[PDB]
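The structure appears right after this line, and notes come after that.
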Amino acid sequence: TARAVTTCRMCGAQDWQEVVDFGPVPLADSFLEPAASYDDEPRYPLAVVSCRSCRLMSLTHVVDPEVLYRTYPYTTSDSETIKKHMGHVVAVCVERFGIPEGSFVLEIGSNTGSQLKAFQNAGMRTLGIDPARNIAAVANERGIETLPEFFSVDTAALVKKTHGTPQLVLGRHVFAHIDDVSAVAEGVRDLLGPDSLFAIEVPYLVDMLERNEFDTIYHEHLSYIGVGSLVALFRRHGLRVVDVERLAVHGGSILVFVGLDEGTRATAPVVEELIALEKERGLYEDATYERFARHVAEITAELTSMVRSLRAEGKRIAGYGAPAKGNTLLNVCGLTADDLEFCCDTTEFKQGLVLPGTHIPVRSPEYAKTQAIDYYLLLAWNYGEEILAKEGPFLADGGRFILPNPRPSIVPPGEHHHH
Ligand SMILES: Nc1ncnc2c1ncn2[C@@H]1O[C@H](CSCC[C@H](N)C(=O)O)[C@@H](O)[C@H]1O
Ligand SMILES: [Cl-]
Ligand SMILES: [Zn+2]
């Protein structure tokens with residue numbers, strides 16, 4: 001039921017090195033009602049391959065986007081970390097490129113519309129595009145105009161006709177979720193004026209490799225992207241990569257700016273620097289990806305044995321957060337409700353549900369606080385700093401966290417960290 005990849009999404013070649021294969025795995029954002037059995041739970045092959053031409057890393061299969069996104073789960077309350085990062089995105093886009101007030105900003109994958117709201121607060125006109133009908137209706141209700149559609153060449157034309165030429169087109173994380181990136185590039189080209197920019201924020205393949213972030217591999221994430229593969233793609237569609245900012249968010253990301261090849265925006269030197277860096281760090285060599293694969297095997301084994309060793313000693317263990325990536329981690333490690341008695345999560349609709357595959361219960365933070373947990377496995381480790389900042393009481397009582405990457409570790413460490 002999920003379609004197999006043939007040619008490379010970015011460059012069009014067909015020379016794939018196998019990197020890792022996790023077998024059939026259930027969908028990471030498909031949380032389940034508790035039940036006696038889960039025999040009909042859908043599973044899809046989860047494996048990654050590396051294109052030797054441009055070094056896009058890609059999943060072997062594309063799960064149907066209508067199935068994934070047409071009813072996507074959301075939250076109505078964004079954390080201060082998320083709000084701060086959304087404010088920073090605005091600041092970078094507007095200040096780095098001198099976007100005047102009253103300019104038009106189009107966002108692909110605009111979701112609840114919070115990122116657009118931040119652009120409006122900075123004095124911009126906005127429009128969103130997001131296929132999740134449930135989420136789009138919420139955004140529209142709040143006053144953030146949103147087209148309940150997938151981005152395409154045809155939607156691009158409808159936008160230009162009714163809303164004009166955007167000074168900025170933004171895609172936050174969504175770009176790695178789209179199979180037909182060639183169509184996106186074409187719709188963008190049509191939309192862009194001479195000094196318009198297309199900006200995309202995606203997890204950075206360099207960081208993913210170096211920090212062993214294999215839990216970010218899940219079916220929604222079709223692509224795992226470095227600057228090289230984006231240049232290869234945009235070359236073929238009259239677009240030029242003009243600038244890149246590296247960011248610590250989501251385990252290391254890149255915010256990439258793209259313009260018309262013959263437009264006003266000059267290419268900054270950082271672009272070539274990052275491509276040279278990617279070469280230098282071995283992204284074009286088979287050994288690198290074989291090295292990634294064994295790190296994964298090593299971390300997976302070590303993590304499982306740590307949890308089970310602590311359990312055998314009579315320590316109680318739970319998951320902190322129930323993010324999509326947590327479900328890759330737990331499934332790949334083969335952990336069950338005997339290993340983690342629950343996963344706490346602040347997202348209301350998740351509370352009372354059960355995790356895909358492992359079927360571990362999801363409970364509220366307020367339930368979590370009634371329980372004498374000794375260790376929390378930090379599944380939402382990309383928010384480690386914000387989480388640790390508010391878990392003083394737990395830490396003071398001798399509670400500990402297990403961090404899965406770069407290697408498995410225990411917080412707090414045995415000595416003060418100052419080196
Ligand atoms: N081809 C496509 N065009 C536009 N939006 C898409 C899309 N595929 C998925 N999406 C939307 O993008 C989001 C998935 S990505 C989630 C990241 C989101 N931008 C955020 O930071 O909050 C969902 O809201 C989904 O409905
Ligand atoms: Cl994502
Ligand atoms: Zn390629």
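Each chain in the structure tokens gets a letter, A, B and so on, in the order shown; residues start at 1 in every chain, and ligands are counted from 1 in the order they appear.
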
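Within 12 Å of residue A:138, once only C-alpha atoms are used and residues closer than 2 positions along the same chain are dropped, the contacting residues are residues 73, 74, 75, 76, 110, 111, 112, 113, 114, 130, 132, 133, 134, 135, 136, 140, 141, 142, 143, 144, 145, 146, 147 and 148 of chain A.
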
May I have the residues within 8 Å of ligand 2, computed using only C-alpha atoms and all ligand atoms, as a VMD selection string?
-> chain A and resid 173 to 174 176 to 177 220 to 221

Store the residues picked out above in a file with C-alpha atoms, as a PDB file, in the first residue's frame.
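Listing of selection.pdb after writing:
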ATOM      1  CA  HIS A 173       9.986  21.063   8.293  1.00  0.00           C
ATOM      2  CA  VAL A 174       7.349  20.245   5.652  1.00  0.00           C
ATOM      3  CA  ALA A 176      11.301  16.796   4.084  1.00  0.00           C
ATOM      4  CA  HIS A 177       7.723  15.423   4.126  1.00  0.00           C
ATOM      5  CA  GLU A 220       6.604  11.067   7.438  1.00  0.00           C
ATOM      6  CA  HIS A 221      10.259  11.979   6.937  1.00  0.00           C
TER       7      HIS A 221
END

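Using only C-alpha atoms and all ligand atoms, residues with at least one atom at most 9 Å away from any atom of ligand 3 are residues 7, 8, 9, 10, 11, 12, 13, 14, 15, 16, 50, 51, 52, 53, 54, 55, 56, 57, 229, 232 and 233 of chain A.
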
Please give the complete set of residues from stretch 111-238 of chain A that DSSP, run on the backbone, assigns to helix (DSSP H, G or I), formatted as a ChimeraX atom specification.
-> /A:114-121,133-142,153-163,174-177,181-191,205-210,214-216,227-235

Near residue A:61, within 7 Å and counting only C-alpha atoms, which residues show up once chain neighbours fewer than 3 positions away are dropped, as a PyMOL selection string?
-> chain A and resi 2-5

Residues near residue A:39, cut-off 12 Å, only C-alpha atoms, skip fewer than 6 positions along chain, as a ChimeraX atom specification = /A:26,356-357,359

Atoms to include: N, CA, C and O atoms. Write the selected residues as a CSV table (one decimal), in the first residue's frame.
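Done, and the output landed in result-v6.csv:
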chain,number,residue,atom,x,y,z
A,26,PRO,N,5.0,0.3,12.4
A,26,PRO,CA,3.8,1.1,12.4
A,26,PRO,C,4.0,2.6,12.3
A,26,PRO,O,5.1,3.1,12.6
A,356,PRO,N,2.0,3.4,19.0
A,356,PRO,CA,2.0,2.5,17.9
A,356,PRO,C,3.1,1.4,18.1
A,356,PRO,O,4.2,1.8,18.4
A,357,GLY,N,2.7,0.2,17.9
A,357,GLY,CA,3.6,-1.0,17.9
A,357,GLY,C,3.9,-1.5,19.3
A,357,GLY,O,3.6,-2.7,19.6
A,359,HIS,N,2.6,-0.3,22.1
A,359,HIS,CA,1.4,-0.2,22.8
A,359,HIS,C,1.5,0.2,24.3
A,359,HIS,O,0.7,-0.1,25.1

What's the 8 Å shell around residue A:189, counting only C-alpha atoms, without same-chain residues fewer than 5 positions away, as a PyMOL selection string?
-> chain A and resi 237-239+260

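Here the question is which of A:327, A:103, A:223, A:165 gets nearest to residue A:60 using only C-alpha atoms, and that residue is A:223.
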
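With only C-alpha atoms as the atoms that count, the minimum distance from residue A:182 to the choices A:235, A:19, A:332, A:80 is reached by A:235.
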
Within 12 Å of residue A:161 using only C-alpha atoms, minus same-chain residues under 5 positions, as a compact mmCIF listing (two decimals) with C-alpha atoms, in the first residue's frame:
# COMPACT_ATOMS: atom_id res chain seq x y z
CA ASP A 154 -1.79 24.61 -9.53
CA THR A 155 -2.24 25.93 -5.95
CA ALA A 156 0.77 28.18 -6.58
CA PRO A 166 5.01 36.80 -2.21
CA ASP A 190 6.29 30.49 -10.74
CA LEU A 191 5.50 32.35 -7.50
